[PDB]
Amino acid sequence: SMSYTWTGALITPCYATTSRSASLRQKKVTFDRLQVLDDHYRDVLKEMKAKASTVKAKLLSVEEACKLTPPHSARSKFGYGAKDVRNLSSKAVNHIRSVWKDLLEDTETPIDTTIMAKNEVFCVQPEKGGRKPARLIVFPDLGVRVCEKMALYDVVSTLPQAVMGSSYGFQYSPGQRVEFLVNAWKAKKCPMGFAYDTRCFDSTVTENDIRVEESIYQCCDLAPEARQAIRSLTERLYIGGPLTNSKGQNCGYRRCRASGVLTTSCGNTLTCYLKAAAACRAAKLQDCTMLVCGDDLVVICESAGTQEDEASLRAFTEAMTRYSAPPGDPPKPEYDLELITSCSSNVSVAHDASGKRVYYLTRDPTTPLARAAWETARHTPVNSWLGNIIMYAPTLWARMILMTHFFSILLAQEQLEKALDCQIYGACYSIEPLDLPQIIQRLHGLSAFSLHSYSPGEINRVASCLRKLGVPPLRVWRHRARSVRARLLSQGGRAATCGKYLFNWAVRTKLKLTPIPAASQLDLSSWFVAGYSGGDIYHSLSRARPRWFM
Ligand SMILES: O=C(O)/C=C/c1ccc(NC(=O)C2(NC(=O)c3ccc4c(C5CCCCC5)c5n(c4c3)CC(=O)Nc3ccccc3-5)CCCC2)cc1
């Protein structure tokens, strides 16, 4: 069937990509899907189902589901918003209950969704190709979004790791992911790797793909109500349904993956993994290691020679294509792990304070920097700068520019202690900038505060990137950080820990850094469990057993 059908009603709103370029995107993501399954696909599917059988998932309470709702979550069309839900307002609660009862009783009626153009901020690039048409966001009403959590949050948290094991991308902290890739690359006698990119993955996702995904969730130990909810949600929401613009007008219909549902990450990860595992077999790739993050895929296998490797890669692509997962740019085999780019990241290595090698993830800074510039300019609700600080803590750019710029701003506005909302693997997080050292130590380790000996290639990328954006050079940043550090130190408590640890790089005479004792009390049990992009999940950072001297 067609991924989408349209009435012609415009996608209305509520550089930053806008609702103007929405029509250009619509044309790309709209097509009939052709899918042919085989025994390899069927086999891998049964192996996945067997691992799912071991999962037991629990039904979440209305209360449990509510607390998971982000405070700025899109308001319901039934007269309540995120605040009411979180507060367990009698109105919100009663509607949620009715929504639930309706999933338990109605098994066929399509549930309405809202289509919107995501206003993501990207850099002004006049050189290469074209100014990217805006990504689409499809989502049900807040009450449905709450019911999704009751029935499937435990499934989407537990099941992907049970099924995929170490191949599951979102189970890893940045350091863990790096360690996984390095060990896998080292594990091969003669390693070869590649990244496989799918052209509009969400659109290539068929209704059968969605039915197979439910067939996996149905292997869990579920409460009969959870079981029904999943059945009804698959039929009425996940396989497709009508599209409505922000102005209440009917836009058309969907028969592919909805980008803003709880099952988007999980479902996409499962689907991609299924197809890829099957395609590996079709291409006869030897000793495969996969790493899957939604639609993003990386394969590290044993090389069989440059000509053979290129051939098996075409084989893989042909199978993926038959399964309805064709590529954007066709895959290229790499024989350096640093050379594999996935989720825009790439492996780099630096040295610690004692000279030991340290692998870390990096990326080109152009987009994180431009988005940060947009954010300093206009008060955005959710802050990419803080997420990039967390994710790319060991990187040269995050330390020298992001940390320096934003810490001086919080000093100026006397707002170090004020919590901010940022993103980690699709989930929304409330984080106090004063907790950044503890968070960093727990996701990257002490070395993150004392990395040096950066590669000439990374230094140059950073240097160039600064030049093209009109950002002062790295020496200017060292001067500024020396001051930011001085001010943070003269404030004690967490502020001085930010000074000492985050800005140890800016001082010629480096301090010996010992572990932060309060870092152990940080509960990050919900942090690197799973991916929830479009999932509408919120976690406020909490601290189990606080000592007085802190
Ligand atoms: O010695 C040498 O050889 C050179 C020295 C030198 C060169 C330039 C300066 N710049 C400044 O002082 C000012 N800008 C900045 O001190 C500045 C800081 C961060 C900036 C950022 C981002 C960096 C990441 C965090 C968010 C802010 C951008 N731009 C920045 C400019 C340049 C800018 O204006 N906008 C953009 C646009 C896109 C991307 C980045 C930027 C402040 C007053 C006058 C302009 C200072 C010294």
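Its PDB record names the entry "CRYSTAL STRUCTURE OF THE HEPATITIS C VIRUS NS5B RNA- DEPENDENT RNA POLYMERASE IN COMPLEX WITH 5-[3-(tert-butylcarbamoyl)phenyl]-6-(ethylamino)-2-(4-fluorophenyl)-N-methylfuro[2,3-b]pyridine-3-carboxamide".

Across its full length, the protein holds 19 helices and 16 strands. Taking 2.2 N^0.38 as the reference for a compact globule, 550 residues should give roughly 24 Å; the C-alpha atoms of the protein span a radius of gyration of 24 Å, in line with that estimate. By its C-alpha atoms, the protein is 70 × 65 × 50 Å across when sized along the principal axes.

This brings us to the packing of aromatic side chains. Applying the stated criterion to the full structure yields 19 aromatic pairs. Between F407 and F503, the aromatic rings sit 6.0 Å apart at their centres with planes inclined by 75°, giving edge-to-face as the arrangement. With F407 in helix α15 (residues 396-412) and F503 in the loop between α19 (493-502) and β14 (522-523), this residue pair connects regions lying 96 residues apart in the sequence. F407 sits in the buried class, given a relative accessible area of 0%. Owing to a relative accessible area of 0%, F503 belongs among the buried residues under this scheme. Members of the aromatic cluster, joined through ring pairs, are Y168, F170, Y425, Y429, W527 and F528. The side chain of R480 reaches across the aromatic face of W477, ending 5.0 Å from its centre.

Among the surface-exposed residues, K27, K28, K118, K128, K132, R135, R199 and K468 lie close enough to one another that they form a single positively charged patch. By relative accessible area, which is 54% here, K132 ends up exposed.

When you line up the elements, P126 lands in the loop between β2 (113-117) and β3 (136-140). Note: C-alpha distance between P126 and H72 (54 residues apart in sequence) is 34 Å.

Next up on the list: the site of the ligand. The environment of the ligand is formed by 17 residues, the closest being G470, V471, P472, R475 and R480. In the model, an oxygen atom of the ligand is placed 2.7 Å from a nitrogen or oxygen of the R475 side chain. Between the ligand and the protein, one listed contact pairs an oxygen atom with a side-chain N or O atom of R480 at 2.8 Å. If you list the elements that add at least two residues to the shell around the ligand, you get α13 (366-377), α15 and α18 (474-489). Here the shell around the ligand is built from residues that sort into 12 nonpolar, 3 polar and 2 charged.

Let's shift gears to α18. Here α18 contains 16 residues, and its C-alpha end-to-end distance of 22 Å stays within 8% of the 22 Å for a straight helix at 1.5 Å per residue. Taken together, the buried positions of α18 are occupied by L474, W477, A481, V484, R485 and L488. Seen from one end, α18 has its buried residues packed into an arc of 100°, which puts them on one side. Exposed side of α18, more than 90 degrees from the buried face: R475 and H479 are the residues found there.

Backbone geometry follows two general trends: most residues other than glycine have a negative phi, and most peptide bonds adopt the trans configuration. Notably, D287 is not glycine yet its phi reads approximately 45°, a positive angle. Tracing the backbone through its elements, the reader meets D287 in strand β7 (residues 286-293). For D287, a relative accessible area of 48% puts it in the partly exposed group. Even without a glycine there, the phi angle at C343 is positive, about 60°. Mapped onto the secondary structure, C343 falls in the loop between β9 (341-342) and β10 (345-351).

Per the stated rule, a full pass over the model turns up 0 disulfides. In this structure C123 is a free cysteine whose sulfur lies 8.0 Å from that of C465, the closest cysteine sulfur available.

One open sheet holds the 3 strands; their spatial order is β4-β8-β7, and the pairing between them is antiparallel. Every other strand in the sheet has two partners, leaving β4 (191-196) and β7 as the edge strands with one partner each. Each strand axis lies, on average, 15° off the axis of its neighbour in the sheet, ignoring direction. By the bridge criterion, 6 bridges tie β4 to strand β8 (residues 296-302) in an arrangement that is antiparallel. Along β8, the bridge assignment pairs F194 with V299. Sitting on the sheet, helix α11 (residues 264-282) is in contact with β7 and β8, with an inclination near 165° to β7. Taken strand by strand, helix α12 (residues 306-322) contacts β4 and β8, and its axis lies near 30° from that of β4.

What follows is about the sheet that holds strand β13 (residues 427-431). Across the sheet, which stays open at both edges, the 3 strands sit in the order β12-β13-β15 with mixed pairing between neighbours. Unpaired on one side and paired on the other, β12 (420-424) and β15 (538-540) mark the two borders of the sheet. Mean inter-strand twist for the sheet, computed between neighbouring axes without regard to direction, equals 30°. Where β12 meets β13, 5 bridges bridge the pair, whose relative direction is antiparallel. Its bridge partner being in β13, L420 is matched across the sheet by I431.

About the thresholds
- Residue labels reflect position in each chain's written sequence, counted from 1, rather than necessarily the entry's numbering. Residues lacking coordinates are not shown.
- Side-chain numbers here rest on the full set of heavy atoms in the structure, without hydrogens or water.
- Residues with missing side-chain atoms are left out of burial classes, side-chain pairs and their counts.
- Strands here are runs of E lasting at least two residues and helices are runs of H or I lasting at least four, both read from the DSSP assignment and numbered beginning at the N terminus.
- Radius of gyration here is computed from C-alpha atoms only, and the compact-globule reference equals 2.2 Å multiplied by the residue count raised to the power 0.38.
- We call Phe, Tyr and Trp rings a pair once their centres come within 6.5 Å, taking the six-membered ring for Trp, and we label the pair stacked below 30 degrees between planes, edge-to-face above 60, and tilted otherwise.
- Type-normalised accessible area, obtained with a 1.4 Å probe on protein chains alone, sets the label of each residue: buried when under 20%, exposed when over 50%, and partly exposed for intermediate values.
- Whether a charge lies above a ring is judged from NZ of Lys or CZ of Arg, which has to be within 6 Å of the ring centre and within 35 degrees of the ring normal.
- Think of a patch as exposed residues, more than 30% relative accessible area, with no salt bridge, where like charges cluster within 9 Å and nonpolar side chains (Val, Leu, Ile, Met, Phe, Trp, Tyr) cluster within 5 Å.
- For every accessible area listed, the method is Shrake-Rupley and the probe measures 1.4 Å; residues are considered covered only by the protein chains on display.
- The rule for a salt bridge is simple: a side-chain nitrogen of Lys or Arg has to be within 4 Å of a carboxyl oxygen of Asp or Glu.
- Only four residue types enter the tally: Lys and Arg on the positive side, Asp and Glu on the negative side; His and the chain ends are excluded.
- Note on charges: their place is set at NZ of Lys, CZ of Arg, CG of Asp or CD of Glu.
- A single heavy atom is enough: if one lies within 4 Å of a molecule or strand, its residue is considered near that molecule or strand.
- A 3.5 Å cut-off defines polar contacts: any pair of N or O atoms within that distance qualifies, except that in protein one atom must be a possible hydrogen donor and the other a possible acceptor, and neighbouring residues in sequence count only when both atoms are side-chain atoms.
- Amino acids outside the nonpolar list (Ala, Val, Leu, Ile, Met, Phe, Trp, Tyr, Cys, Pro) and the charged list (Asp, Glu, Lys, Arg) are all regarded as polar, and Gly is one of them.
- The span expected for a helix works out to 1.5 Å for each residue beyond the first.
- This arc corresponds to the set of directions leading from the helix axis out to the C-beta atoms.
- When two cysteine sulfur atoms lie within 2.5 Å, the pair is treated as a disulfide.
- For two strands to be treated as a pair, DSSP must find no fewer than two bridges joining them.
- Lines are fitted to the C-alpha atoms to define the axes, a helix being fitted only along its stretch in contact, and any angle between axes, read from their N-to-C directions, falls within 0 to 180 degrees.
- Only heavy atoms matter for contacts: two residues are in contact if any of them lie within 4.5 Å across the pair.

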